[PDB]
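The next block is input.pdb, given as PDB, N, CA, C and O atoms.
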ATOM      1  N   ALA A   1      -5.789   2.838 -18.115  1.00  0.00           N
ATOM      2  CA  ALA A   1      -5.696   2.464 -16.689  1.00  0.00           C
ATOM      3  C   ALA A   1      -6.882   3.012 -15.911  1.00  0.00           C
ATOM      4  O   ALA A   1      -7.134   4.216 -15.910  1.00  0.00           O
ATOM      5  N   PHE A   2      -7.619   2.120 -15.271  1.00  0.00           N
ATOM      6  CA  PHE A   2      -8.716   2.507 -14.402  1.00  0.00           C
ATOM      7  C   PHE A   2      -8.272   2.364 -12.955  1.00  0.00           C
ATOM      8  O   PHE A   2      -7.658   1.364 -12.586  1.00  0.00           O
ATOM      9  N   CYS A   3      -8.561   3.363 -12.143  1.00  0.00           N
ATOM     10  CA  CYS A   3      -8.120   3.361 -10.760  1.00  0.00           C
ATOM     11  C   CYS A   3      -9.313   3.457  -9.819  1.00  0.00           C
ATOM     12  O   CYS A   3     -10.324   4.091 -10.143  1.00  0.00           O
ATOM     13  N   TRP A   4      -9.199   2.828  -8.658  1.00  0.00           N
ATOM     14  CA  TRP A   4     -10.293   2.797  -7.702  1.00  0.00           C
ATOM     15  C   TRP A   4      -9.759   2.634  -6.287  1.00  0.00           C
ATOM     16  O   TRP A   4      -8.583   2.317  -6.090  1.00  0.00           O
ATOM     17  N   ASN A   5     -10.632   2.855  -5.313  1.00  0.00           N
ATOM     18  CA  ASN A   5     -10.263   2.744  -3.912  1.00  0.00           C
ATOM     19  C   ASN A   5     -10.545   1.343  -3.384  1.00  0.00           C
ATOM     20  O   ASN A   5     -11.700   0.933  -3.233  1.00  0.00           O
ATOM     21  N   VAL A   6      -9.478   0.599  -3.141  1.00  0.00           N
ATOM     22  CA  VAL A   6      -9.578  -0.719  -2.543  1.00  0.00           C
ATOM     23  C   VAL A   6      -9.522  -0.593  -1.032  1.00  0.00           C
ATOM     24  O   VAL A   6      -8.456  -0.357  -0.464  1.00  0.00           O
ATOM     25  N   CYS A   7     -10.658  -0.739  -0.388  1.00  0.00           N
ATOM     26  CA  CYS A   7     -10.736  -0.565   1.051  1.00  0.00           C
ATOM     27  C   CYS A   7     -10.752  -1.912   1.750  1.00  0.00           C
ATOM     28  O   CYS A   7     -11.754  -2.626   1.731  1.00  0.00           O
ATOM     29  N   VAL A   8      -9.627  -2.254   2.356  1.00  0.00           N
ATOM     30  CA  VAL A   8      -9.466  -3.536   3.020  1.00  0.00           C
ATOM     31  C   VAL A   8      -9.652  -3.387   4.519  1.00  0.00           C
ATOM     32  O   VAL A   8      -9.125  -2.456   5.127  1.00  0.00           O
ATOM     33  N   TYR A   9     -10.403  -4.299   5.100  1.00  0.00           N
ATOM     34  CA  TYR A   9     -10.552  -4.353   6.535  1.00  0.00           C
ATOM     35  C   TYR A   9      -9.561  -5.341   7.120  1.00  0.00           C
ATOM     36  O   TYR A   9      -9.771  -6.555   7.082  1.00  0.00           O
ATOM     37  N   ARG A  10      -8.469  -4.815   7.631  1.00  0.00           N
ATOM     38  CA  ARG A  10      -7.460  -5.628   8.266  1.00  0.00           C
ATOM     39  C   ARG A  10      -7.142  -5.054   9.634  1.00  0.00           C
ATOM     40  O   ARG A  10      -6.948  -3.849   9.778  1.00  0.00           O
ATOM     41  N   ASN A  11      -7.122  -5.920  10.634  1.00  0.00           N
ATOM     42  CA  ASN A  11      -6.980  -5.502  12.031  1.00  0.00           C
ATOM     43  C   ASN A  11      -8.137  -4.586  12.419  1.00  0.00           C
ATOM     44  O   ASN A  11      -7.997  -3.710  13.278  1.00  0.00           O
ATOM     45  N   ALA A  12      -9.277  -4.800  11.751  1.00  0.00           N
ATOM     46  CA  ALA A  12     -10.479  -3.972  11.903  1.00  0.00           C
ATOM     47  C   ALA A  12     -10.265  -2.564  11.349  1.00  0.00           C
ATOM     48  O   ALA A  12     -11.145  -1.710  11.444  1.00  0.00           O
ATOM     49  N   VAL A  13      -9.101  -2.335  10.758  1.00  0.00           N
ATOM     50  CA  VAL A  13      -8.778  -1.048  10.162  1.00  0.00           C
ATOM     51  C   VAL A  13      -9.175  -1.050   8.699  1.00  0.00           C
ATOM     52  O   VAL A  13      -8.884  -2.001   7.971  1.00  0.00           O
ATOM     53  N   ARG A  14      -9.845   0.001   8.272  1.00  0.00           N
ATOM     54  CA  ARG A  14     -10.253   0.127   6.894  1.00  0.00           C
ATOM     55  C   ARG A  14      -9.227   0.941   6.122  1.00  0.00           C
ATOM     56  O   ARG A  14      -9.198   2.167   6.209  1.00  0.00           O
ATOM     57  N   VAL A  15      -8.376   0.252   5.386  1.00  0.00           N
ATOM     58  CA  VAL A  15      -7.339   0.910   4.613  1.00  0.00           C
ATOM     59  C   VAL A  15      -7.708   0.945   3.134  1.00  0.00           C
ATOM     60  O   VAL A  15      -7.781  -0.090   2.470  1.00  0.00           O
ATOM     61  N   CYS A  16      -7.976   2.139   2.635  1.00  0.00           N
ATOM     62  CA  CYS A  16      -8.326   2.314   1.237  1.00  0.00           C
ATOM     63  C   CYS A  16      -7.090   2.638   0.415  1.00  0.00           C
ATOM     64  O   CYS A  16      -6.391   3.616   0.677  1.00  0.00           O
ATOM     65  N   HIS A  17      -6.812   1.790  -0.561  1.00  0.00           N
ATOM     66  CA  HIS A  17      -5.663   1.976  -1.433  1.00  0.00           C
ATOM     67  C   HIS A  17      -6.146   2.404  -2.807  1.00  0.00           C
ATOM     68  O   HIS A  17      -7.154   1.902  -3.290  1.00  0.00           O
ATOM     69  N   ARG A  18      -5.434   3.313  -3.437  1.00  0.00           N
ATOM     70  CA  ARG A  18      -5.775   3.715  -4.790  1.00  0.00           C
ATOM     71  C   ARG A  18      -4.948   2.912  -5.783  1.00  0.00           C
ATOM     72  O   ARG A  18      -3.775   3.207  -6.020  1.00  0.00           O
ATOM     73  N   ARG A  19      -5.553   1.879  -6.343  1.00  0.00           N
ATOM     74  CA  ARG A  19      -4.851   1.003  -7.263  1.00  0.00           C
ATOM     75  C   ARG A  19      -5.435   1.153  -8.659  1.00  0.00           C
ATOM     76  O   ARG A  19      -6.569   1.604  -8.820  1.00  0.00           O
ATOM     77  N   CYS A  20      -4.657   0.779  -9.657  1.00  0.00           N
ATOM     78  CA  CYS A  20      -5.088   0.874 -11.040  1.00  0.00           C
ATOM     79  C   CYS A  20      -4.903  -0.467 -11.732  1.00  0.00           C
ATOM     80  O   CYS A  20      -4.077  -1.279 -11.309  1.00  0.00           O
ATOM     81  N   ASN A  21      -5.683  -0.712 -12.771  1.00  0.00           N
ATOM     82  CA  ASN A  21      -5.594  -1.967 -13.506  1.00  0.00           C
ATOM     83  C   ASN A  21      -4.888  -1.754 -14.835  1.00  0.00           C
ATOM     84  O   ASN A  21      -4.898  -2.677 -15.678  1.00  0.00           O
TER      85      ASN A  21
END
Could you express the structure from this file as structure tokens?
Amino acid sequence: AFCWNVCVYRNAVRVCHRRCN
């Protein structure tokens, strides 16, 4: 499992999620 920070710009907010594959 590789994990990384998914940083989404929603509502101009940068939300970084730690997801794994």
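As for atom CA of residue A:15 and atom CA of residue A:1, they are spaced 21.4 Å apart.
Our summary of the geometry notes that atom C of residue A:3 is positioned 7.2 Å from atom O of residue A:20.
Those residues in chain A carrying a DSSP assignment of strand (DSSP E or B), computed from the backbone, are residues 3, 4, 5, 6, 7, 8, 9, 10, 13, 14, 15, 16, 17, 18, 19 and 20 of chain A.
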Output for the residues just chosen: N, CA, C and O atoms as a PDB file, in the frame of the given file:
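The file below, selection-v1.pdb, is the result:
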ATOM      1  N   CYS A   3      -8.561   3.363 -12.143  1.00  0.00           N
ATOM      2  CA  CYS A   3      -8.120   3.361 -10.760  1.00  0.00           C
ATOM      3  C   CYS A   3      -9.313   3.457  -9.819  1.00  0.00           C
ATOM      4  O   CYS A   3     -10.324   4.091 -10.143  1.00  0.00           O
ATOM      5  N   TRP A   4      -9.199   2.828  -8.658  1.00  0.00           N
ATOM      6  CA  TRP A   4     -10.293   2.797  -7.702  1.00  0.00           C
ATOM      7  C   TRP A   4      -9.759   2.634  -6.287  1.00  0.00           C
ATOM      8  O   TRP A   4      -8.583   2.317  -6.090  1.00  0.00           O
ATOM      9  N   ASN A   5     -10.632   2.855  -5.313  1.00  0.00           N
ATOM     10  CA  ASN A   5     -10.263   2.744  -3.912  1.00  0.00           C
ATOM     11  C   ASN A   5     -10.545   1.343  -3.384  1.00  0.00           C
ATOM     12  O   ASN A   5     -11.700   0.933  -3.233  1.00  0.00           O
ATOM     13  N   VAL A   6      -9.478   0.599  -3.141  1.00  0.00           N
ATOM     14  CA  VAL A   6      -9.578  -0.719  -2.543  1.00  0.00           C
ATOM     15  C   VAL A   6      -9.522  -0.593  -1.032  1.00  0.00           C
ATOM     16  O   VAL A   6      -8.456  -0.357  -0.464  1.00  0.00           O
ATOM     17  N   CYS A   7     -10.658  -0.739  -0.388  1.00  0.00           N
ATOM     18  CA  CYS A   7     -10.736  -0.565   1.051  1.00  0.00           C
ATOM     19  C   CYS A   7     -10.752  -1.912   1.750  1.00  0.00           C
ATOM     20  O   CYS A   7     -11.754  -2.626   1.731  1.00  0.00           O
ATOM     21  N   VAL A   8      -9.627  -2.254   2.356  1.00  0.00           N
ATOM     22  CA  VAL A   8      -9.466  -3.536   3.020  1.00  0.00           C
ATOM     23  C   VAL A   8      -9.652  -3.387   4.519  1.00  0.00           C
ATOM     24  O   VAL A   8      -9.125  -2.456   5.127  1.00  0.00           O
ATOM     25  N   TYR A   9     -10.403  -4.299   5.100  1.00  0.00           N
ATOM     26  CA  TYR A   9     -10.552  -4.353   6.535  1.00  0.00           C
ATOM     27  C   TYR A   9      -9.561  -5.341   7.120  1.00  0.00           C
ATOM     28  O   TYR A   9      -9.771  -6.555   7.082  1.00  0.00           O
ATOM     29  N   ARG A  10      -8.469  -4.815   7.631  1.00  0.00           N
ATOM     30  CA  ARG A  10      -7.460  -5.628   8.266  1.00  0.00           C
ATOM     31  C   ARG A  10      -7.142  -5.054   9.634  1.00  0.00           C
ATOM     32  O   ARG A  10      -6.948  -3.849   9.778  1.00  0.00           O
ATOM     33  N   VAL A  13      -9.101  -2.335  10.758  1.00  0.00           N
ATOM     34  CA  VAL A  13      -8.778  -1.048  10.162  1.00  0.00           C
ATOM     35  C   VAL A  13      -9.175  -1.050   8.699  1.00  0.00           C
ATOM     36  O   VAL A  13      -8.884  -2.001   7.971  1.00  0.00           O
ATOM     37  N   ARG A  14      -9.845   0.001   8.272  1.00  0.00           N
ATOM     38  CA  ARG A  14     -10.253   0.127   6.894  1.00  0.00           C
ATOM     39  C   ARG A  14      -9.227   0.941   6.122  1.00  0.00           C
ATOM     40  O   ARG A  14      -9.198   2.167   6.209  1.00  0.00           O
ATOM     41  N   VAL A  15      -8.376   0.252   5.386  1.00  0.00           N
ATOM     42  CA  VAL A  15      -7.339   0.910   4.613  1.00  0.00           C
ATOM     43  C   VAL A  15      -7.708   0.945   3.134  1.00  0.00           C
ATOM     44  O   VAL A  15      -7.781  -0.090   2.470  1.00  0.00           O
ATOM     45  N   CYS A  16      -7.976   2.139   2.635  1.00  0.00           N
ATOM     46  CA  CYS A  16      -8.326   2.314   1.237  1.00  0.00           C
ATOM     47  C   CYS A  16      -7.090   2.638   0.415  1.00  0.00           C
ATOM     48  O   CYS A  16      -6.391   3.616   0.677  1.00  0.00           O
ATOM     49  N   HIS A  17      -6.812   1.790  -0.561  1.00  0.00           N
ATOM     50  CA  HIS A  17      -5.663   1.976  -1.433  1.00  0.00           C
ATOM     51  C   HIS A  17      -6.146   2.404  -2.807  1.00  0.00           C
ATOM     52  O   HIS A  17      -7.154   1.902  -3.290  1.00  0.00           O
ATOM     53  N   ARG A  18      -5.434   3.313  -3.437  1.00  0.00           N
ATOM     54  CA  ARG A  18      -5.775   3.715  -4.790  1.00  0.00           C
ATOM     55  C   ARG A  18      -4.948   2.912  -5.783  1.00  0.00           C
ATOM     56  O   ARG A  18      -3.775   3.207  -6.020  1.00  0.00           O
ATOM     57  N   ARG A  19      -5.553   1.879  -6.343  1.00  0.00           N
ATOM     58  CA  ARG A  19      -4.851   1.003  -7.263  1.00  0.00           C
ATOM     59  C   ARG A  19      -5.435   1.153  -8.659  1.00  0.00           C
ATOM     60  O   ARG A  19      -6.569   1.604  -8.820  1.00  0.00           O
ATOM     61  N   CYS A  20      -4.657   0.779  -9.657  1.00  0.00           N
ATOM     62  CA  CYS A  20      -5.088   0.874 -11.040  1.00  0.00           C
ATOM     63  C   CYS A  20      -4.903  -0.467 -11.732  1.00  0.00           C
ATOM     64  O   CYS A  20      -4.077  -1.279 -11.309  1.00  0.00           O
TER      65      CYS A  20
END
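Straight-line separation from atom CA of residue A:4 to atom N of residue A:19: 5.0 Å.
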Residues picked by the PyMOL selection byres (((chain A and resi 7 and name CA) around 9) and name CA) here, as JSON, numbers by chain? {"A": [5, 6, 8, 9, 14, 15, 16, 17, 18]}
Taking all listed atoms of stretch 6-11 of chain A, build the axis-aligned box, pad each of the six sides by 5 Å, then write its centre and edge lengths in Å to one decimal as lines of an AutoDock Vina configuration file.
center_x = -9.4
center_y = -3.0
center_z = 5.1
size_x = 14.8
size_y = 17.2
size_z = 26.4
